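We give structure tokens for two forms of one protein chain below, kept apart as structure 1 and structure 2.
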Structure 1
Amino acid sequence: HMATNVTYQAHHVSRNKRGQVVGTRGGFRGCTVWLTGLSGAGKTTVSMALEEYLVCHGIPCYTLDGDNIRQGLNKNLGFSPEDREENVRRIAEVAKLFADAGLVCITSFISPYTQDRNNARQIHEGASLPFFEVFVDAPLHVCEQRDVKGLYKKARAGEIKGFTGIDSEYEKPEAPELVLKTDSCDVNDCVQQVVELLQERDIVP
């Protein structure tokens, strides 16, 4: 349960050369926009709108969404703390791949644990890939009100164990690059705030 006798194999294409090949707009802009927040905060809504916005603006990107990823790559993971650690760890590594390829990678995972969000950042920092932690911030009471997928109601009645914000911790970002107050903003205002961040950080022209 640990890779041994493995040797790093260097690619034969530079990041600059990938910058040239990816998209129609010149420059390398691989990075990760790491959304984090409560269930129902608006993570998927923002991430899917952002992906649409970026593609519409000639920037190849890809959304890795916790729910979707948990139907493939991370289908063998549950919601114990251990398993959420592994879930985020695997996607942080995938996200780093997407970013290294030159895509703007957008992850919409709960990612409830500081240490694991930091671990994701550091994977990216070590690769010289910009990493933007975005706190999709709606009050839990708002999130439960929305109860989009009926999960909070199930969690309430004890029918789902370990539900984030009900029976599992959410560790509020303390140092995110951007906070999105999705209870007081609309989706397009939230997208706009992320775009403004990406323009400031030379990812969106």
Structure 2
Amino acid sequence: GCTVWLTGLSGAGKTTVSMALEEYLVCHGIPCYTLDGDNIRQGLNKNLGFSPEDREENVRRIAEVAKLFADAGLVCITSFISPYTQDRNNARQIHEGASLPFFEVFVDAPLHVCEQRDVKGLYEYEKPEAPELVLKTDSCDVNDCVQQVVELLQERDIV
């Protein structure tokens, strides 16, 4: 189907949006799968460390896996901070060269909100240049954010 490439600060709402989006798609009979730290970091990317080079390879491998899911006809949602513009652009081009729909989705809450949420007590990021969608997770709720994504997918005939 396509790749829905989430990006945004820690605590902005990527895990939450991806879970609710997958729920909506599954209940509407649309095949979908999420790539996230829980299924990538200790599997495909277990042999990558902290160096810039390895982080670049981390994103490249995630993008190539999302591309296979998209080619297979799934909505593939990636849920990573994805901080660097160059790496997001590389992920985009991996898809665009194969004519696979790619949606860069900026999960956008202010740092202050993310810090106040501190969902995991964890408490630089390059904001998306021209993403296909911005989800303002401080001003609307999870269901409205999901609906914005679904609308985007309908317009491009994925849903």
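For residue numbers, the reference is structure 1: its sequence is counted from 1. Here, rigid core means the biggest group of C-alpha atoms that superpose within 1.5 Å across both forms.
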item: Residue 113: Cα shift of 2 Å or greater between the two structures (core-aligned); value: no
item: Residue shift check between the two structures, rigid core fit, residue 96 Cα at least 2 Å; value: no
item: Threshold 2 Å Cα movement between the two structures for residue 76, core superposed; value: yes
item: Per-residue C-alpha deviation between the two structures [residue 128; rigid core superposition; Å]; value: 1.1
item: Shift in Å of the C-alpha at residue 86 between the two structures after core superposition; value: 2.0
item: Shift in Å of the residue 62 Cα between the two structures [rigid core superposition]; value: 0.3
